[PDB]
Structures are given as structure tokens and as C-alpha cells.
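Peer 1: These protein sequences, in sequence, are chains A, B, C, D, E and F. Position in the first sequence (from 1) plus 72 gives the number in our numbering. Position in the second sequence (from 1) plus 6 gives the number in our numbering. Position in the third sequence (from 1) plus 11 gives the number in our numbering. Position in the fourth sequence (from 1) plus 5 gives the number in our numbering. Position in the fifth sequence (from 1) plus 133 gives the number in our numbering. Position in the sixth sequence (from 1) plus 33 gives the number in our numbering. Every residue gets a Cβ at the ideal spot worked out from N, C-alpha and C, and that includes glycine. Before I ask anything, let me first share the structure, which is written out below as C-alpha cells.
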Amino acid sequence: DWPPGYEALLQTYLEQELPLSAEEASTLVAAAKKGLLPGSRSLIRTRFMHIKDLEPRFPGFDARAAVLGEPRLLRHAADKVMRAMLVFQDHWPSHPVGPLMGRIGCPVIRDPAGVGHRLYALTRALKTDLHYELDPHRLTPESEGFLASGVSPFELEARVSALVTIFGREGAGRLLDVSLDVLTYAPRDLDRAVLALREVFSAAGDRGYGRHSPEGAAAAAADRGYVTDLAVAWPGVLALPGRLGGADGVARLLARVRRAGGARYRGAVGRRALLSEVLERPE
Amino acid sequence: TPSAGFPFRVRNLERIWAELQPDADXXXXXXXXXXXXXXXXXXXXXXXXXX
Amino acid sequence: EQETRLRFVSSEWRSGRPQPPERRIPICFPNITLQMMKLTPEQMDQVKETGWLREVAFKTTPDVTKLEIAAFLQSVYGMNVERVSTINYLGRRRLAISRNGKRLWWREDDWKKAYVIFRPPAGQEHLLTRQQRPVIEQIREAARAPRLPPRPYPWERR
Amino acid sequence: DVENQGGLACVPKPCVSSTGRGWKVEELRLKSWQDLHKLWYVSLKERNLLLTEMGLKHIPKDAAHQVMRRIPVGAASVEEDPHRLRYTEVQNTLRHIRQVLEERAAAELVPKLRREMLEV
Amino acid sequence: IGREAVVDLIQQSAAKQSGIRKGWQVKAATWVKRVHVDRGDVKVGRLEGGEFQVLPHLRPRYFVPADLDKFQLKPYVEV
Amino acid sequence: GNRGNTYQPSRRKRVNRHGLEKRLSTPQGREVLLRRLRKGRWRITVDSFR
RNA sequence: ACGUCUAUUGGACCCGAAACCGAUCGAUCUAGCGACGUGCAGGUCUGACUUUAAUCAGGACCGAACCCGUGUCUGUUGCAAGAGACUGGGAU
RNA sequence: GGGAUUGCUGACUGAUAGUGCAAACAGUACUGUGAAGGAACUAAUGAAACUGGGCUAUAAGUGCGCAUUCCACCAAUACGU
Ligand SMILES: [Mg+2]
Ligand SMILES: [Mg+2]
Ligand SMILES: [Mg+2]
Ligand SMILES: [Mg+2]
Ligand SMILES: [Mg+2]
Ligand SMILES: [Mg+2]
Ligand SMILES: [Mg+2]
Ligand SMILES: [Mg+2]
Ligand SMILES: [Mg+2]
Ligand SMILES: [Mg+2]
Ligand SMILES: [Mg+2]
Ligand SMILES: [Mg+2]
């Protein structure tokens, strides 16, 4: 519905109005304007000034970092954002909402029981695990999962129990030290992806699950170690079924054809993320 | 006359939808025609939020 | 000359769900037809001065939309359209008996009737221009009223 | 402004507004795209007036509806009504404007004609 | 023998006996009140949760000229 | 049991049996349509309209 | 050779079968199957579960809605190219 | 072999004939679920059946319209008007 050439007019209008550098202004004009934010001038200015007037009222809130870290804060009314972080702040007397509103745009809508209870249950569900603190600062805007309206705290309890069941809790703790987005997956889908990874990246024998369960169990444990080390190295390998359960081998051979066989490549892929280009080529 | 009418993708003049027609290839649209596609649904919400 | 194609019910059932177009162009040279029906003579005097009525009914073609009638009236005739209500009508059947008696049967082209509710233009809003009686007395009077007679038959003399 | 289709407004008085003829293709080839655009809008509003005016009277149009209404051919004093003659001339004008526009669209050389066949 | 060739021959046969819907077409015209036939409208949107949403770029816009008043060309040419 | 009323009307069954698309779906239905055309019938199928 | 009359091959003076062989259309009547959905008033008997308790079973019984058509009568170019009345059979 | 123009072609037919159809809309109305079947109808004249009453009891002219051939203009090679 945009007037042809409105993108240049909006970029120029953002420079002529409120102070914002052109690169992040282009991020608002182009990257976050497929939807996610209203395209009207004289409406983003009103909300931006209104959210700029909420930095004194909240101690850790910087408007520019918050609107660039998660750009869907401006498709909601500024008064609703003010009330949403106020109510969520009462359900979480701890680290202030100002450092947390710039990472999570989920509490704008379902704050009251949702973000507070899910965060409390996740902190308790990882505290009852082997000493995981789960401070909310590390959360990325892709963590809409495990915080969206519709996941129960019992579902998070089952998810962390399944994550420390599918991976060993030492491996699960090492996996959860980086990229908590693994918590977004449902336990059945995470089990499917890990089993498919164990099938395709089977270091024990063939593409089939080699060494079926003395030394067969040793090879099976080594396969579980290899898949958890790949998961520690890269959380994106858990997103294999977006391509296929049978195209994991296809991507692995797309990497394989260059020089030699499987054992050299199990050492090579564990040292560098060569699978990301192969997955992007498959997409 | 065929002297004019040449490819003029940038003959817009930047008017909300009076530049859409000469971007799709136009002298003056009526104000009533632009009034038919209402331009005040977002304007009222912007004014209410400002006040 | 190219004209109306035959359509088939099984064909529209199988190749169903027409999709919306990807781009809509502003309509230079539009092909859209409206006509009023008969008005009461006092409504005609109401139109002769100041050019307005609250409710006007139109004949259109069935390929139009409430949005298209509202946009066309607002764009061309400068009116303020509040709501449109559209009715699809069949054509009238026509009988035109021949030189040998055949009963030649025709069918008029199908039309859509729009009921357009208008709005007073600017500052002129006074021309909406309209004692009491109890509704209990209304119902009690309309219950002791004589009944409507049954409809006479076309051969029956009364 | 509903007076435009509401009535001729000159027919209730005993006077004829249009005493002329309809546009021809050779005259219409000499008019520009903007002039043809304005003439098209004026002619469509005239078409709505004439259709409404012959809908208030019960008179047919097109000479194929006249067979349907059982009205005789020519000798009926119905083809001689002013609104019907004006309506036929207005339809001729709109058809000729469409014919000129496709002729100009077929008379082009580059992808501009794919845009010229999108506004007609 | 092909499917499109048979349909094209059917339409060419139906090009004859066309005009103001005489004969069997008078009864066949009443199929629009029996099987929900979609007319020749342009769609302006799609259903997401059962609520229809009109896409604003598909709303009808009419490019009417600036003034059709005192414009020097009328629909009629003098003889 | 009184006979004579074998025709139980239904628009779904009428279009699904004797409509255009079941005639076009099979080759011998297409020659049925072709000889309907060669005879000169005004109504090609039971569901044709305009 | 023409004309007429016979004869043979042709449908061969005309009309009339039951037929046989192909390949169109028909499960909107009816038979079976399949998917989805809906219905079975009121009571009676027997067995089981739980009982401070608003549960189940029987190709169970009597009996409306519903399904069928035993006997008699009417009707027999009839109301009907198989119907009506009264008795009947089934009705978790 | 097949599909359309022309026939100063017809001891072919002339509206129960000739195509199923000479016609405002014939493969139509109508019949059938369907494939499929499939009519009647020109303009005048007005026979019989039938039913009431009564009774008995000068192979020519003159006008128009063309075609043929003359003529004079012709593309100048079949005629072009
Ligand atoms: Mg409606
Ligand atoms: Mg029965
Ligand atoms: Mg029958
Ligand atoms: Mg001899
Ligand atoms: Mg069948
Ligand atoms: Mg009984
Ligand atoms: Mg009994
Ligand atoms: Mg005959
Ligand atoms: Mg006869
Ligand atoms: Mg014959
Ligand atoms: Mg006669
Ligand atoms: Mg006589």
C-alpha cells in the first residue's frame, strides 16, 4: 500500500525529524517495515518522543537501544508500553525492566501472569537443575518461544526435564551456557532433531546408526557426545527439520564432496561451522 | 501530440496518490477522489495519542 | 463479436476461489453504470432544490462491489456515502407470442440493486426534518381493530 | 449533486438540451490522452443521466430490448424519443474512445505499451 | 480429442444463439440462486481467522480529473 | 409400493453426474460431448449457463 | 439394338418379430459397501457396579414418533400403472 | 477422399412432398436421470366426414427491371464500365 518512493521520503523525514543515525534509521525504514511497525510519518514521531519521555521514569531504560534491539515496541501505544512494563515490573521485583524491555518485546502484550510466572518457573526449573542461574539479560528477541501467551509453567518444567534427559545435564548445562533458544523447541521435536542428527552424523559406523547396543554402547555414547558438542558449537543444528529429516545427509555430502571421507570431516565440522552455508544453500 | 508521453517514471511531484498514477503512467486528480480513500483514520489516532 | 461465455457449475466448483490481485491500479477510464429508479414526486422536489436525499436506490450491474459504488459516488458526484446495501436480482421473464403460437421466452440481464444511505454535505444537516401517544394504547387499539379481509380471487367479484 | 442523474432538469421544461450528434473516431484520434480522459468521465455521467431518464419513462433501448417488450419495429414513436437517440450517441462515443485508446496502445514500441494496456 | 479443444468448440457453438438470453437460457439463468455462483467481482482481501480483512491497496480508487466543470468538450458534437 | 417417482432431485448429484467436468474427465464422455456438438444441441450439458 | 416377359445378384413387391454382435449412458429407484452426522415419548421385568450418589447390559416385554405389510373389506380406465379403513409385526 | 463459392444445371420435390426443420427461436418445443429420441406451424382458396335448421314428408397488348448483340471509353489480350 506504500506510495512508490515513500521509502526515500520516510528515510529523509526521519533524519529531518528526531535525532537518529541513518544506518539504524534505514533499519527502521527497510528491515522492520515489512510489518512490525507503522509506516506513517507523524505517528512514529509521536510514539518515539513519547517513549523518549519514559527514560527518567524507568531507571535502566534507554529508548534508542530498546527501539533498535526490538523494533515492535512502536506498533503498540506508548501508554500501553508504560503500563505493561509497570505491571511486569511489579511481577518481577529484581533486575529492572529497562534493561529487559530492550531485549524482550513479549511483555508489551501478555505481561501479568505470563512473563513473570514463566520467568520465575524457568529460574526455579533451572535452579532445581545442576546450578543454572538463567539471568534474563542473555535473552534474545528470538526467545518469543517459552515466553509467549499459551505456554504453561508446567510445560517449561517438562521442557527443561526433557532437555536434561535428551542431553546429559553436564552436556545440557554446557549447551545452555550459550544460546538459550534451545528452550524454544518442544521436547518431541527436539528429540526428533537430536535422533536425526545422531543418525546422519553417526561417528560409530555408517549413515545408519552404527554400533547398536560393550563397545557398541561405547560408540553410541560417543555419538551422543559428538551431537551435544555440535549443539554446544552451534544451536542452529537443532533447526534441521526445517529442511528435512533426510536432507541432513544431503547437506553433509554437499560439504563432503571436496576432499576426503567421514572421519576427517567429523574432526573438521566440530572445529568450524561449515554446515551453515550448506543449510543456506539448501534453503 | 506524440512529442510528450515518453517514459517518465519520476514525474511523480510527490502527492499521496496523485503520484501513483504517473508512476504507473495525470494532470490533476480531484480532491473529492482523494477524499474517497480516507486519509484520516490514522490521523485521528495520532492526534488522540498526541493529546 | 466477443460476448458472454457460457459458464458451467462443475467448472466453477472445481476451479474455485478467485484470488485477490497483487496490484490494484487507479482506474482511469472506468466502465461502471448506475441509474436511479422512480422517486416520489415530493422526493423529486426534494432533489430539485439543494440536491440531496437520505436514501437513494440504484440499479447497477452485478459485477460491482459496495466499495466500488461508495468510492464512485464519493469520487464523482461529491456525495457522502454512509452505507451501501446490495441485492442481486434475476431478470424479468418476458413473453412475446409469435406468428405461429410458440411462446417465445426472454430473460432480462441480471442486475444488482444498491441501497445507498447518504450523509449531509457540510453544515446543511438541518434537512433531516423529522405530541405523544402511549404505546400501550397503540397496541390495545391495534388489537381491537378489524382484521384484514382475505385476499379475493381474480375471478371473484366483491 | 444527485441532481446530475436525478433528472435532465431541462426536459421537465419543454426545451431540448442536446440537439446534436455523437463523437466520431476520426475526430477522437486528434484529442490527447488528458482530453480523452475528461471526455470519458463527462460521457459516462451523461450515460447515467440518460439511463435514469429512460428508466423513469418505460421506454426500451438497444433495439433488441424493443423486441423483448413486444414494441413494434420503427413504427412505435419510441425509437424517436430524445433520450434513446442521445443514449445511442453516448454509447457510440464511449465505444469510439475505447477503440482509439487500444489503437494508440497497439501503436507503441517498448514496455510502455504493457503499462498503456493496464489503464484501458 | 483434447479437453481444451472440446471446451473451445462448445464456446464457439454458444457464440451463436447469444444476446438477450432466450429459450433454455431463461431457466439456466436461475442457477445463480441455486449453487452460489461467484459474479465478476475483484477480490479485495482474504480470511485469516474467519474475519475478512480488506487489503487497503486493493480498495477501489478512481482517478477522476481535476475539474469536469466548464471543461470545453461535451459528449455531443454539433452536426 | 407405488412406482413412478424414481427422480429424486438434487443439484449436487445432477452436476456431479451429468456436468461438464465428468464428461471431460473420460475419453468416451468427450466423444459424447463431441456428438452433442455435431448434432447441434443448444444445451451442451445440464449445468451450462450464462 | 429397342420394347415386353421371366431368371440371377443385390434390401429387391410392401409391413411385422423374438434375436445376435459391439460401445455409450445409468447405483437421484433399488441391492450391497464405505465416510460423516442425527433419532428412538411413556412405562415393565431381569443381571451387574457404586451408593450421602444425575451408571451400565438384554439381537428382553407392552407400547407412540419411525420402519414393514398379516388377514378381511373397499377400489379394479381407482384417490393410487399397487391406494384407503380396521386389525397387525419390529421399535437399543 | 474431404471443406466452402458458382451453375442462362435438372422430363427432381412443391408444405402428410422435399432435409428431422421453406417459419421471430428446429436439433427448437416436448420426452427421458442420462446417453438419447424428437415434432407441428407458408400465403390465399376452403372438399368430405360432422352437427343444427329448412325442404321432402384476341396462343394479345401495354408498362417497368435485367440478360444477349451492336456502339464508344476501355485494363487494352476476354469483354471493364
Ligand atoms: Mg447481502
Ligand atoms: Mg410405506
Ligand atoms: Mg418418469
Ligand atoms: Mg434387351
Ligand atoms: Mg455410474
Ligand atoms: Mg403397530
Ligand atoms: Mg404382539
Ligand atoms: Mg415435411
Ligand atoms: Mg399439415
Ligand atoms: Mg421426409
Ligand atoms: Mg393455409
Ligand atoms: Mg359443406
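Answer with buried or exposed for A/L86, where buried requires no fewer than 16 other C-beta atoms within 10 angstroms of its C-beta.
Peer 2: The residue in question, A/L86, is buried, as its Cβ has 16 or more Cβ neighbours within 10 Å.
Peer 1: Can you find the residues in the same chain that come closer than 7 Å, C-beta to C-beta, to A/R147, ignoring five residues on each side of it along the sequence?
Peer 2: Excluding positions up to five away in sequence, the list reads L108, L109 and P110.
Peer 1: On a CA-only basis, which of A/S348, A/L347, A/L255 and A/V236 is nearest A/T200? Give me that one, please.
Peer 2: Minimum Cα distance to A/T200 is reached at A/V236.
Peer 1: Since D/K117 contacts B/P13 with CB under 8 Å, what's their CB separation in whole angstroms?
Peer 2: Contact holds; Cβ gap of about 6 Å.
Peer 1: Mapping DSSP to helix, strand and coil, what is C/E79?
Peer 2: In this structure, C/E79 counts as helix in the three-state DSSP scheme.
Peer 1: Assuming D/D86 and D/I64 make a contact with CB atoms under 8 Å, what is their CB distance in whole Å?
Peer 2: The Cβ separation is near 5 Å, so the contact holds.
Peer 1: Let me confirm a value: C/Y164 is counted as buried when at least 16 other C-beta atoms fall within 10 Å, else exposed. Which label applies?
Peer 2: Exposed, by the Cβ-count rule.
Peer 1: Spatial neighbours of C/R118 within its chain, please: CB distance less than 8 Å, with the 5 preceding and 5 following residues excluded, ordered by chain position.
Peer 2: Only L101, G102, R103, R104 and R105 meet the Cβ criterion.
Peer 1: Which residues of the stretch 85-110 of chain C have a Cβ closer than 8 Å to any Cβ of chain D? Give them in chain order.
Peer 2: The residues in question are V87, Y88, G89, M90, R105 and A107.
Peer 1: In chain order, what residues of the same chain have a beta carbon less than 6 Å from the beta carbon of C/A125, not counting five sequence neighbours either side?
Peer 2: Hits under 6 Å: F69, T71, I80, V95 and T97.
Peer 1: So, does the stretch 39-54 of chain C touch the stretch 172-182 of chain E, judging by three or more C-beta pairs under 8 Å?
Peer 2: Contact fails: fewer than three Cβ-Cβ distances are below 8 Å.
Peer 1: Whose C-alpha, out of A/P184, A/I238 and A/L316, is nearest the C-alpha of A/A220?
Peer 2: Nearest option by C-alpha distance: A/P184.
Peer 1: Taking the runs of the beta strand (DSSP E) that are 3 residues or longer, which of them lie wholly in the stretch 95-163 of chain A?
Peer 2: Taking only runs of at least 3 residues, no beta strand (DSSP E) segment lies wholly in the stretch 95-163 of chain A.
Peer 1: What residues of chain E sit near D/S37, judged by a beta carbon separation below 9 Å?
Peer 2: Those do not exist, as D/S37 stays about 11 Å from chain E at its closest Cβ, beyond 9 Å.
Peer 1: Taking any Cβ of chain C, which residues in the stretch 87-119 of chain D have a Cβ under 9 Å from it, in chain order?
Peer 2: Those residues of the stretch 87-119 of chain D that come within reach of chain C (Cβ to Cβ, closer than 9 Å) are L99, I102, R103 and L106.
Peer 1: Could you work out which residue in A/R324, A/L115 and A/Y281 is closest to A/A340 when comparing CA atoms only?
Peer 2: With distances taken between Cα atoms, A/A340 lies closest to A/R324.
Peer 1: Nearest by alpha-carbon distance to E/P208: which of D/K18, D/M122 and D/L54 is it?
Peer 2: Residue D/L54 is the option with its Cα nearest to E/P208.
Peer 1: May I ask which residues mark the beginning and end of the alpha helix (DSSP H) holding F/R50?
Peer 2: Per DSSP, F/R50 belongs to the alpha helix (DSSP H) from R44 to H51.
Peer 1: What is the DSSP secondary structure of E/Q186, counted as helix, strand or coil?
Peer 2: E/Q186 falls in the strand class under three-state DSSP.
Peer 1: Note down the Cα distance separating A/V139 from A/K124, rounded to an integer number of angstroms.
Peer 2: Computed Cα separation, rounded: 10 Å.
Peer 1: Got a sec: is the Cβ-Cβ distance from F/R47 to anything in chain E below 7 Å?
Peer 2: No, its Cβ sits nowhere closer than 7 Å to a Cβ of chain E.
Peer 1: The beta strand (DSSP E) spanning C/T97 covers which residue range?
Peer 2: Looking at the DSSP string, the run of the beta strand (DSSP E) that includes C/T97 is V92 to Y100.
Peer 1: Would you verify that the beta carbon of B/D29 is, or is not, closer than 7 Å to some beta carbon of chain A?
Peer 2: B/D29 counts as touching chain A.
Peer 1: C/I80 touches chain D at which residues, Cβ-Cβ below 9 Å?
Peer 2: Within 9 Å Cβ-Cβ: nothing; C/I80 doesn't reach chain D, min ~12 Å.
Peer 1: Hey, would you say A/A150 sits closer than 7 Å to A/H122, going by beta carbons?
Peer 2: It is a contact, given that the beta carbons lie within the stated cut-off.
Peer 1: Hey, does F/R63 have any beta-carbon neighbour from chain E nearer than 7 Å?
Peer 2: So, interface residue.
Peer 1: Cβ of D/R26 less than 7 Å from any chain E Cβ?
Peer 2: Taking Cβ atoms only, chain E reaches closer than 7 Å to D/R26, which makes this a yes.
Peer 1: What does the alpha-carbon distance come out to for the pair C/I43 and A/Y78?
Peer 2: Going by the C-alpha atoms only, they are around 31 Å apart.
Peer 1: Looking at the unbroken beta strand (DSSP E) that takes in C/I128, where does it start and where does it end?
Peer 2: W122 to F129 is the span of the beta strand (DSSP E), which, as asked, contains C/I128.
Peer 1: Counting only beta-carbon separations shorter than 7 Å, does E/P193 have a partner in chain D?
Peer 2: Judged by the 7 Å Cβ criterion, E/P193 is not in contact with chain D.
Peer 1: In terms of residues, what are the limits of the beta strand (DSSP E) holding D/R119?
Peer 2: Not the beta strand (DSSP E): D/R119 falls in the alpha helix (DSSP H), residues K117 to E121.
Peer 1: DSSP beta-bridge partners for C/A68?
Peer 2: Per DSSP, C/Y126.
Peer 1: Output the boundary residues of the beta strand (DSSP E) element that contains E/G178.
Peer 2: Taken as a continuous stretch (DSSP letters only), the beta strand (DSSP E) holding E/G178 covers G178 to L180.
Peer 1: C/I36 touches chain B at which residues, Cβ-Cβ below 7 Å?
Peer 2: Those within 7 Å of C/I36 in chain B are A30.
Peer 1: Could you tell me which residues DSSP puts in a beta bridge with C/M47?
Peer 2: In DSSP, C/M47 forms a bridge with C/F69.
Peer 1: Is the separation between the beta-carbon of F/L66 and that of C/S21 shorter than 7 Å?
Peer 2: Going by C-beta atoms, F/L66 is not nearer than 7 Å to C/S21.
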